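Raw contents of my_file-v5.txt, compact mmCIF, N, CA, C and O atoms:
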```
# COMPACT_ATOMS: atom_id res chain seq x y z
N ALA A 1 -79.61 -19.34 -169.47
CA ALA A 1 -78.96 -18.96 -170.75
C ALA A 1 -78.10 -20.10 -171.29
O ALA A 1 -78.22 -20.49 -172.45
N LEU A 2 -77.24 -20.64 -170.43
CA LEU A 2 -76.36 -21.74 -170.82
C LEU A 2 -76.05 -22.62 -169.62
O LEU A 2 -76.27 -23.83 -169.65
N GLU A 3 -75.55 -22.01 -168.55
CA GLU A 3 -75.21 -22.73 -167.33
C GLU A 3 -76.43 -22.88 -166.43
O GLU A 3 -77.28 -22.00 -166.37
N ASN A 4 -76.50 -24.01 -165.72
CA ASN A 4 -77.62 -24.28 -164.82
C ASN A 4 -77.14 -24.42 -163.38
O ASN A 4 -77.36 -23.53 -162.55
N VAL A 5 -76.49 -25.54 -163.08
CA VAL A 5 -75.98 -25.79 -161.74
C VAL A 5 -74.86 -24.82 -161.38
O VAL A 5 -74.68 -24.47 -160.22
N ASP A 6 -74.10 -24.40 -162.40
CA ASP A 6 -72.99 -23.47 -162.20
C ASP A 6 -73.46 -22.20 -161.51
O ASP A 6 -72.73 -21.62 -160.70
N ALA A 7 -74.66 -21.76 -161.83
CA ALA A 7 -75.22 -20.55 -161.23
C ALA A 7 -75.34 -20.72 -159.72
O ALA A 7 -75.05 -19.79 -158.96
N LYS A 8 -75.76 -21.90 -159.30
CA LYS A 8 -75.91 -22.20 -157.88
C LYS A 8 -74.54 -22.27 -157.22
O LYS A 8 -74.29 -21.65 -156.18
N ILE A 9 -73.64 -23.04 -157.84
CA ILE A 9 -72.29 -23.18 -157.32
C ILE A 9 -71.64 -21.82 -157.15
O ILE A 9 -71.18 -21.47 -156.07
N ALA A 10 -71.60 -21.06 -158.24
CA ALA A 10 -71.03 -19.72 -158.22
C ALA A 10 -71.71 -18.89 -157.15
O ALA A 10 -71.07 -18.08 -156.47
N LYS A 11 -73.02 -19.10 -157.00
CA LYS A 11 -73.79 -18.39 -155.99
C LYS A 11 -73.18 -18.62 -154.62
O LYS A 11 -73.22 -17.75 -153.75
N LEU A 12 -72.61 -19.81 -154.43
CA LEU A 12 -71.96 -20.15 -153.17
C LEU A 12 -70.49 -19.75 -153.20
O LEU A 12 -69.86 -19.54 -152.16
N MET A 13 -69.94 -19.65 -154.41
CA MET A 13 -68.54 -19.27 -154.59
C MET A 13 -68.31 -17.84 -154.10
O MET A 13 -67.21 -17.49 -153.68
N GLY A 14 -69.36 -17.03 -154.17
CA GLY A 14 -69.27 -15.65 -153.72
C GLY A 14 -68.64 -15.54 -152.35
O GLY A 14 -67.65 -14.84 -152.16
N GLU A 15 -69.23 -16.24 -151.38
CA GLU A 15 -68.73 -16.24 -150.02
C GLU A 15 -67.28 -16.72 -149.98
O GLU A 15 -66.46 -16.22 -149.20
N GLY A 16 -66.96 -17.70 -150.83
CA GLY A 16 -65.62 -18.23 -150.90
C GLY A 16 -65.38 -19.36 -149.91
O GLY A 16 -65.09 -19.12 -148.74
N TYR A 17 -65.49 -20.59 -150.39
CA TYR A 17 -65.28 -21.76 -149.55
C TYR A 17 -64.88 -22.97 -150.40
O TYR A 17 -64.73 -22.85 -151.62
N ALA A 18 -64.70 -24.12 -149.76
CA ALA A 18 -64.33 -25.34 -150.46
C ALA A 18 -65.30 -25.63 -151.60
O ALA A 18 -66.45 -25.21 -151.56
N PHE A 19 -64.83 -26.36 -152.61
CA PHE A 19 -65.66 -26.71 -153.75
C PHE A 19 -66.49 -27.94 -153.43
O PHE A 19 -67.69 -27.99 -153.71
N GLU A 20 -65.85 -28.94 -152.84
CA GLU A 20 -66.52 -30.18 -152.48
C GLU A 20 -67.69 -29.91 -151.54
O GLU A 20 -68.76 -30.51 -151.68
N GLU A 21 -67.49 -29.00 -150.59
CA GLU A 21 -68.52 -28.65 -149.63
C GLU A 21 -69.71 -27.97 -150.30
O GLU A 21 -70.86 -28.16 -149.90
N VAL A 22 -69.43 -27.17 -151.32
CA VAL A 22 -70.47 -26.44 -152.04
C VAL A 22 -71.36 -27.38 -152.85
O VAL A 22 -72.56 -27.49 -152.59
N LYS A 23 -70.78 -28.05 -153.84
CA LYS A 23 -71.53 -28.97 -154.70
C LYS A 23 -72.31 -29.99 -153.87
O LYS A 23 -73.48 -30.24 -154.14
N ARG A 24 -71.65 -30.58 -152.88
CA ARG A 24 -72.31 -31.57 -152.03
C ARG A 24 -73.46 -30.94 -151.25
O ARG A 24 -74.50 -31.56 -151.05
N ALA A 25 -73.26 -29.70 -150.82
CA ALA A 25 -74.29 -28.98 -150.08
C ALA A 25 -75.45 -28.60 -150.99
O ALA A 25 -76.55 -28.30 -150.53
N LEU A 26 -75.19 -28.61 -152.30
CA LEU A 26 -76.20 -28.27 -153.29
C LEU A 26 -77.09 -29.47 -153.60
O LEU A 26 -78.31 -29.39 -153.49
N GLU A 27 -76.47 -30.57 -153.99
CA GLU A 27 -77.20 -31.79 -154.34
C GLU A 27 -77.97 -32.34 -153.15
O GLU A 27 -79.18 -32.59 -153.24
N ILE A 28 -77.28 -32.54 -152.03
CA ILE A 28 -77.90 -33.07 -150.82
C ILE A 28 -79.09 -32.23 -150.38
O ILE A 28 -80.13 -32.76 -149.99
N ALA A 29 -78.94 -30.91 -150.44
CA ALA A 29 -80.01 -30.00 -150.03
C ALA A 29 -81.12 -29.92 -151.07
O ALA A 29 -81.95 -29.02 -151.02
N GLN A 30 -81.12 -30.86 -152.01
CA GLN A 30 -82.12 -30.89 -153.07
C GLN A 30 -82.04 -29.65 -153.96
O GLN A 30 -83.03 -28.96 -154.17
N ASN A 31 -80.84 -29.38 -154.47
CA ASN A 31 -80.61 -28.23 -155.34
C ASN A 31 -81.00 -26.92 -154.66
O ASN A 31 -81.47 -25.99 -155.32
N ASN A 32 -80.81 -26.86 -153.35
CA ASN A 32 -81.14 -25.66 -152.59
C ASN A 32 -79.88 -24.91 -152.18
O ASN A 32 -79.01 -25.46 -151.51
N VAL A 33 -79.79 -23.65 -152.60
CA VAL A 33 -78.63 -22.82 -152.28
C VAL A 33 -78.77 -22.19 -150.90
O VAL A 33 -77.79 -22.01 -150.18
N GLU A 34 -80.00 -21.85 -150.53
CA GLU A 34 -80.26 -21.24 -149.23
C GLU A 34 -79.85 -22.18 -148.11
O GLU A 34 -79.10 -21.81 -147.21
N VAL A 35 -80.35 -23.42 -148.16
CA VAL A 35 -80.01 -24.42 -147.16
C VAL A 35 -78.51 -24.66 -147.15
O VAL A 35 -77.88 -24.70 -146.09
N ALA A 36 -77.94 -24.82 -148.34
CA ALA A 36 -76.51 -25.04 -148.48
C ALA A 36 -75.74 -23.92 -147.80
O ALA A 36 -74.76 -24.16 -147.10
N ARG A 37 -76.20 -22.69 -148.02
CA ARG A 37 -75.57 -21.51 -147.44
C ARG A 37 -75.63 -21.57 -145.92
O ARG A 37 -74.70 -21.14 -145.23
N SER A 38 -76.74 -22.10 -145.39
CA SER A 38 -76.92 -22.22 -143.95
C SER A 38 -75.84 -23.11 -143.35
O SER A 38 -75.32 -22.84 -142.27
N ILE A 39 -75.52 -24.19 -144.06
CA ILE A 39 -74.50 -25.13 -143.60
C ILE A 39 -73.13 -24.78 -144.17
O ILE A 39 -72.11 -25.34 -143.75
N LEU A 40 -73.11 -23.86 -145.13
CA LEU A 40 -71.86 -23.44 -145.76
C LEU A 40 -71.04 -22.58 -144.80
O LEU A 40 -69.81 -22.64 -144.79
N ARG A 41 -71.74 -21.80 -143.99
CA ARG A 41 -71.09 -20.93 -143.01
C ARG A 41 -70.92 -21.66 -141.68
O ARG A 41 -70.22 -21.20 -140.78
N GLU A 42 -71.58 -22.81 -141.56
CA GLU A 42 -71.52 -23.62 -140.35
C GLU A 42 -70.31 -24.55 -140.39
O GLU A 42 -70.24 -25.53 -139.64
N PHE A 43 -69.37 -24.24 -141.28
CA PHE A 43 -68.15 -25.04 -141.44
C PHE A 43 -68.48 -26.45 -141.92
O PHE A 43 -68.39 -26.74 -143.11
N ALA A 44 -68.86 -27.32 -140.99
CA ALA A 44 -69.20 -28.70 -141.32
C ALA A 44 -70.63 -28.80 -141.84
O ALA A 44 -71.55 -28.96 -141.02
```
Translate this structure into structure tokens?
Amino acid sequence: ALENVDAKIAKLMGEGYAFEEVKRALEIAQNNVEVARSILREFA
């Protein structure tokens, strides 16, 4: 509709964690939220 990457970020914001860890986990994982989520709960 308007936002693109924000949808992914917010998708990770749900769980509630650092911002730097989210965005970085998004780009590095090749715009993948699932993979990011896997490492999002893995702390590091």
I'd like the contact shell of range 21-30 of chain A - 7 Å cut-off, only C-alpha atoms, skipping same-chain residues fewer than 4 positions apart - returned as a PyMOL selection string.
chain A and resi 9+12+35-36
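For the pair CA of residue 19 in chain A and atom N of residue 3 in chain A, the separation is 18.4 Å.
Taking atom C of residue 17 in chain A and atom O of residue 1 in chain A as endpoints, the distance between them is 25.9 Å.
Going from atom O of residue 7 in chain A over to CA of residue 44 in chain A, you cover 20.6 Å.
Distances to residue 8 in chain A were evaluated for A:38, A:20, A:43, A:33 using all atoms listed in the file, and the minimum falls at A:33.
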